[PDB]
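K.L.:
From the sequence below, what's the structure:
(one chain, ligands or ions: 3)
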Amino acid sequence: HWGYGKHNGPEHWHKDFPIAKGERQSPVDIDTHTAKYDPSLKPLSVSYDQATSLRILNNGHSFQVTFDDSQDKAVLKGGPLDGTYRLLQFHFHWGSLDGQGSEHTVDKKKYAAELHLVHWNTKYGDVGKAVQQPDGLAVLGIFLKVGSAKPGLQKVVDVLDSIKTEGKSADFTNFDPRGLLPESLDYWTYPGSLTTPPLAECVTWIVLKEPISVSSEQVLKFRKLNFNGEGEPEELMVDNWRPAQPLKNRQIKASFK
Ligand SMILES: NS(=O)(=O)c1cccc(NC(=O)NCCCCO)c1
Ligand SMILES: NS(=O)(=O)c1cccc(NC(=O)NCCCCO)c1
Ligand SMILES: [Zn+2]
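P.N.:
Numbers count the residues shown, from 1 in each chain. Ligands and ions are numbered 1, 2, ... in the order given. And now the structure:
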């Protein structure tokens, strides 16, 4: 199957997912001197008060926390978005070294990791329908920088021992994703895609200006996860990021000056 190694990684994906070479692929480099401030962009509305987390799981390419999206509990609205998008899951991408790991870059700078909070457009009824639409998903991307610890991440970090290998999952109820946000909601936005197969061109990307700070010990625990399943040769889950893709006929807009 696909992965992030030399024999199944991003340079190979197009052979099974030809949209990998499409017109609105993600991630991209955000050139801060080419992004345009758009004073028409509304502030984001992050309404996570009623979020209901369910499980945390190792799916062989990241770890993911899932949420009950059977009704408008945790939603993302405003910003560039029309209508209401429900939080479905979040997951991360990270590096083997602190100078790499993020998918988006800022002026070619790579961050140690990147958080993706994945939301789907309720007008399409279910997520499978949404992924077929150019405005079906909104992913809120947040950079992780190595510095002080992020207290709202520690509960995630402390359970990763229990989902070391692909296919493992654990209960992860009563987790508050608001603890993963930075102070500012200033953002860049552009139309793009999923950054993993199937690479569907269905995502409004909203990337926050302000990174969150996580400690070295927190990101070390990401790097102890495994791509493999139990009983298989161990392969550390590191460098699960796609590099920046051609911007092509797109403009990145900024909500701030
Ligand atoms: N899904 S994909 O990235 O297009 C892809 C393309 C080519 C091979 C793979 N999987 C592979 O196993 N490639 C190398 C073979 C190692 C066999 O044990 C996935
Ligand atoms: N990395 S991302 O653009 O935020 C994103 C968001 C939502 C879905 C995906 N891609 C996938 O879930 N691919 C399915 C992989 C099958 C095993 O879990 C990527
Ligand atoms: Zn992602």
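
K.L.:
now the strands for the stretch 51-200 of the chain?
P.N.:
Taking DSSP state E, counting those that start in this stretch, the strands of the stretch 51-200 of the chain run over residues 53-58, 63-67, 75-78, 85-94, 105-106, 113-121, 137-146, 169-171, 187-192.

K.L.:
Those residues of the chain touching ligand 2, which are they?
P.N.:
Applying CB under 6 Å from any ligand atom, one finds that the chain approaches ligand 2 through 59, 116, 118, 139, 194-197, 203. C-beta coordinates here come from the backbone N, C-alpha and C atoms, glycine included.

K.L.:
how about JSON lines for those residues, with distance to residue 149 and neighbour count added?
P.N.:
Below are the residues of the chain next to ligand 2 laid out as JSON lines (distance: CB to CB, whole Å; neighbours: other CB atoms under 10 Å):
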{"residue": "59", "distance to residue 149": "26", "neighbour count": "16"}
{"residue": "116", "distance to residue 149": "21", "neighbour count": "22"}
{"residue": "118", "distance to residue 149": "25", "neighbour count": "23"}
{"residue": "139", "distance to residue 149": "25", "neighbour count": "24"}
{"residue": "194", "distance to residue 149": "30", "neighbour count": "21"}
{"residue": "195", "distance to residue 149": "26", "neighbour count": "24"}
{"residue": "196", "distance to residue 149": "28", "neighbour count": "24"}
{"residue": "197", "distance to residue 149": "33", "neighbour count": "18"}
{"residue": "203", "distance to residue 149": "30", "neighbour count": "25"}
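
K.L.:
from the residues you listed, which is closest to ligand 1?
P.N.:
Using CB to the nearest ligand atom, residue 197 comes nearest to ligand 1 of those, at 6.3 Å.

K.L.:
Contact partners for that closest one?
P.N.:
Applying CB atoms under 8 Å, 6 or more residues apart in numbering to residue 197 gives the contacts 2, 13, 16-17.

K.L.:
let's see it at 6 Å
P.N.:
2, 13, 17 (CB atoms under 6 Å, 6 or more residues apart in numbering).
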